[PDB]
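See structure below.
Atoms considered below: every heavy atom in the structure, side chains included; atoms not considered: hydrogens, waters and symmetry mates. By convention in this document, chain letters (A, B, ...) are assigned in the order of the sequence lines, proteins followed by strands, and residues within each chain are numbered from 1.
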Amino acid sequence: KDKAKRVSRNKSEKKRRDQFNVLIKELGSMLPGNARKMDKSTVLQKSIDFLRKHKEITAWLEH
Amino acid sequence: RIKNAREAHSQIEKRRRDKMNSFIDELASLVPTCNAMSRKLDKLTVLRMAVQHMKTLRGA
DNA sequence: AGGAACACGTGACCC
DNA sequence: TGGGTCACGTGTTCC
């Protein structure tokens, strides 16, 4: 009769996983590009590239 | 015998988790509000802060 | 104590 | 087929 807590915990865990996927999809929809499907890691990797690149170019544009 | 196979699979799986985590850390290092932080932020916050940061940039 | 974030191992599916 | 990602349920850690 502890199924209730397990079930609830499963619901809670799923909600985090889903928020996480939602955030990933949003990062990806924001990258210069772009051609899905990148997998999650690729989205992250390409997000990193974008910020380093924007940093470089943006810095360069002065001094 | 094919117990090795299952452990192989579960190792592949850990390699991916570890890679994503490092990417999350690396991303956080690139978002100033996260960077400025003593306590490590959780993974969802880091993602939320990173998209926030990106909407910040397009406004120049 | 107990929940939120995190880590794990495995079944379903894919190329 | 091999070997990879993903969603899941549940074990582990931390506050």
Given the sign of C1'-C2'-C3'-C4', the sugar pucker at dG4(D): north
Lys15(A) NZ - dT10(D) P separation (whole Å): 20 Å
Whole-Å distance separating the CZ atom of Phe20(A) from the P atom of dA5(C): 13 Å
Phosphate contact (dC6(C) OP1 or OP2) by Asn21(B) side-chain N/O below 4.0 Å: no
Contacts of type salt bridge (charged side-chain N to carboxylate O under 4.0 Å, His left out), residue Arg16(B), not counting sequence neighbours: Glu13(B)
Phosphate OP1/OP2 of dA7(D): any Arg17(A) side-chain N/O under 4.0 Å: no
Spacing of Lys14(A) atom NZ relative to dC6(C) atom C1', expressed in whole Å: 18 Å
Set of residues satisfying salt bridge (charged side-chain N to carboxylate O under 4.0 Å, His left out) with respect to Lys14(A), sequence neighbours excluded: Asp18(A)
Short side-chain to backbone donor-acceptor contact, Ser10(B) and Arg6(B), under 3.5 Å: yes
Distance-only polar pair, side chains of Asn21(A) and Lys40(A), donor-acceptor under 3.5 Å: yes
side-chain N/O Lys11(A) vs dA7(D) OP1/OP2, d < 4.0 Å: no
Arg17(B) (side chain) and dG9(C) (base): donor-acceptor pair under 3.5 Å: yes
Whole angstrom value for the distance that separates P of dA7(C) from CD1 of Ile12(B): 20 Å
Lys14(B) side chain near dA7(C) phosphate (N/O to OP1/OP2, under 4.0 Å): no
Flag for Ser22(B)-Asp25(B): side-chain donor and acceptor within less than 3.5 Å: no
Atom pairs, protein N/O to nucleotides 11-15 of chain C N/O, distance under 3.5 Å:
residue: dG11(C); atom: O6; partner: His9(B); partner atom: NE2; Å: 2.7

Side chain of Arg15(B) - closest among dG4(D), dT10(C), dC8(D): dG4(D)
Pair listing, salt bridge (charged side-chain N to carboxylate O under 4.0 Å, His left out) test, anchored in residues 45-60 of chain B, at least two apart: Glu26(A)-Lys55(B)
Heavy-atom check, side chain of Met20(B) versus side chain of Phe20(A), under 4.5 Å: yes
Any donor-acceptor pair under 3.5 Å from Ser8(A) side chain to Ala4(A) backbone: no
Could you run down the sub-3.5 Å N/O contacts of the protein with nucleotides 11-14 of chain D?
residue: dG11(D); atom: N7; partner: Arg9(A); partner atom: NH2; Å: 3.0
residue: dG11(D); atom: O6; partner: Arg9(A); partner atom: NH1; Å: 3.0

Gap between atoms CE and P, on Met38(A) and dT5(D) respectively (whole Å): 14 Å
Close side-chain approach of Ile48(A) and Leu30(B), heavy atoms under 4.5 Å: yes
Partner set under salt bridge (charged side-chain N to carboxylate O under 4.0 Å, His left out) for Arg17(A), not counting sequence neighbours: none
Side-chain N or O of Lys43(B) closer than 4.0 Å to phosphate OP1/OP2 of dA4(C): no
Rounded distance in Å - CZ (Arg6(A)) to P (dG2(C)): 16 Å
Rounded distance (Å) that lies between atom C1' of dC6(D) and atom CZ of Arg16(A): 16 Å
Gap between atoms CG and P, on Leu44(B) and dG3(C) respectively (whole Å): 19 Å
